[PDB]
Amino acid sequence: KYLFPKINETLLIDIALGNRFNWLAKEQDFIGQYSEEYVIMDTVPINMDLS
Amino acid sequence: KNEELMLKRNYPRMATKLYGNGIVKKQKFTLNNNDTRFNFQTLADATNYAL
């Protein structure tokens, strides 16, 4: 009735967790604020008339 | 039938189809050296645009 209680294990469940969007993660430079993005609109070939 | 049927000619008939010409097709693009350069903060971006 007079001994201090004895613990013997202390375990630390530890799991590493992934992303499933990590191949998308490009590494930019982080200077400047805004980023722009654009295309070229379509422009169909037209008929030649020599008149 | 009478025997002068041998001397009558039966020419082979046929079916043609006359087509004609096609279409010369045309498109152009004008790239500016004055006001396109007020955009495109890198010369590499301007050459990428021109390409």
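Its PDB header names cryo-EM as the technique used to obtain the model and reports a resolution of 3.8 Å.

Participant: Explanation requested: the interface of chain A and chain B in the structure shown.
Facilitator: One frequently used descriptor of interface size is the decrease in accessible area upon assembly of the parts. Taken together, the contact between chain A and chain B spans eight residues of the former and eight residues of the latter. Surface buried jointly by chain A and chain B totals about 740 Å² across both partners, of which 55% is contributed by carbon and sulfur atoms. By the criterion of area lost to chain B, the three top residues of chain A are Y38, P45 and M48 of chain A, representing 53% of everything that side buries. Summed over the shared surface of chain A and chain B, the result is zero salt bridges. Between chain A and chain B we count three residue pairs in polar contact in total. Grouping the constituent residues of the side of chain A that touches chain B by class yields six nonpolar, two polar and no charged. Relative to strand β1 (residues 25-26) of chain B, strand β1 (residues 46-47) of chain A is paired through two bridges, and the arrangement is antiparallel. Within β1 of chain B, the position partnered with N47 of chain A by the bridge is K25 of chain B.

Definitions and cut-offs
Residues numbered from 1 in each chain as written, not as in the entry; some residues may be left out. Chains lettered and ligands numbered in written order. Part of a larger assembly, values for the part shown. Heavy atoms only, no water. Contact = heavy atoms within 4.5 Å. Buried area = accessible area lost by both parts, 1.4 Å probe. Salt bridge = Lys/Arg side-chain N within 4 Å of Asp/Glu carboxyl O. Polar contact = N/O pair within 3.5 Å; in protein donor to acceptor, adjacent residues only side chain to side chain. Nonpolar A, V, L, I, M, F, W, Y, C, P; charged D, E, K, R; others polar. Pairing = 2+ DSSP bridges. Helix = DSSP H or I, 4+ residues; strand = E, 2+ residues; numbered from the N terminus.

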